[PDB]
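Chemist: For the sequence shown, position 43 matches number 43 in PDB author numbering, and the numbering has no gaps at all.
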Amino acid sequence: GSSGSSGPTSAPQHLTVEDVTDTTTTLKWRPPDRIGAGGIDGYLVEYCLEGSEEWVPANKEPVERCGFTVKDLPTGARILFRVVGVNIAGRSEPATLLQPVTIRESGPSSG
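#1: Who are the near neighbours of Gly36 in its chain, counting only those whose CB is closer than 6 Å to its CB and skipping five residues on each side?
#2: In whole angstroms, what is the alpha-carbon distance linking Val20 and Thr102?
#3: Is the distance from the Cβ of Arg82 to the Cβ of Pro74 below 7 Å?
#4: Would you mind stating whether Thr26 and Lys71 have Cβ atoms separated by less than 7 Å?
#5: Which partner residues does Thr24 have in the DSSP bridge list?
#6: Please report the straight-line C-alpha distance between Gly107 and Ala77, rounded to a whole angstrom.
#7: Can you list, in chain order, the residues of its chain with a C-beta nearer than 8 Å to that of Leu97? Leave out the 5 residues immediately preceding and following it.
#8: Would you say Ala89 and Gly7 are within 7 Å of each other, going by their C-beta atoms?
#9: The beta strand (DSSP E) with residue 112 in it runs from where to where?
#10: What does DSSP give as the partner residues of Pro57 in its beta bridges?
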């Protein structure tokens, strides 16, 4: 027997830095496989400035897509980004980034 799923969906994966701006950054992750009934509400993106121990909410509300854009960031700061899948169950394991972001815009040259 069974009725209504129990527990938060599977943490996010495939979370990497696609692009990086001066005061903005891009993030792209993938949806879980073990969702079942209910469905994931979204994801909570939070960043912690190097030295700080408080993860600030990048997006007040959890996005729907498997990607978001964080704004308002100190150019040249090692900020760590983490994505957590929210749901009626609550939240899931943070897909912390393997590496921090320096935050800076760098385009091509010599064409």
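Using N, Cα and C, we set each Cβ at its ideal position, and we do this for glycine too.
Modeler: Short version:
#1: Only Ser5 meet the Cβ criterion.
#2: If I take the Cα positions, the gap works out to 9 Å.
#3: With contacts defined as CB atoms closer than 7 Å, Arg82 and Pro74 fail to qualify as a contacting pair.
#4: Contact: no.
#5: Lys71.
#6: Take the alpha-carbon of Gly107 and the one of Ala77: they are about 19 Å apart.
#7: Around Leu97: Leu15, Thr16, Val17, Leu80, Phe81, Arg82.
#8: Cβ distance < 7 Å, so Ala89 and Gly7 count as in contact.
#9: One cannot answer for residue 112 here, as it falls past the ends of the chain, which runs 1 to 111.
#10: Beta-bridge pairing links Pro57 to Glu46.
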